[PDB]
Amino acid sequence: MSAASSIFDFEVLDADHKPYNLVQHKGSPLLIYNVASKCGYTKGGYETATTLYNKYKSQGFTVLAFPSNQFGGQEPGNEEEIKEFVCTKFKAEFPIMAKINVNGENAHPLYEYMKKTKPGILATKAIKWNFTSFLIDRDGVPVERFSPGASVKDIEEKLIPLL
């Protein structure tokens, strides 16, 4: 990890567990969200990610979603939410990757890299919320961490210069 210098140093499998060509996105910025099953609420994160995706994908931009495998008690969000309520399969217009741990001992190394690069300002570098995102520059470097209730305008302040 000491030689990591961009997200493109990391292994990603798509939702069918095939190797995903992440470097295809190099040269243009992107937003990487962690997601989870649809229970009814995302703090605006679904709307924000979809809006930015559809607005800017023509300029080369993409949004990628990593769903949590919910394993181990320490994944983002409330662990009793999927126990208490019906939540269905996450669906979106943008790419969704295979399920991963984003916190804990088996945290995916891409997440360990983005979290330590941009630890955020609240509490520790752990991902606390579903629909947290990282803004990635043209070189694959994480340059901002956003909470899920970040507005389109707040993210645009950072993203438009990258475009």
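Quick note: we count residues from 1 along the sequence shown, nothing fancier.
- Stretches 146-154 and 6-14 differ in mean C-alpha B factor, with the higher average recorded for 146-154.
- Per-stretch averaging of Cα B factors for 93-101 and 23-31 places 23-31 on top.
- The entry lists a Cα temperature factor for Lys57 that places it in the middle third of the chain's modelled residues.
- The deposited CA B-factor of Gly40 belongs to the middle third of values across its chain.
- Sorting the modelled residues of the chain by their CA temperature factor places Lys128 in the lowest third.
- For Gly77, the recorded CA temperature factor ranks within the middle third of the chain's modelled residues.
- In the PDB entry, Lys116 places in the middle third of its chain by CA B-factor.
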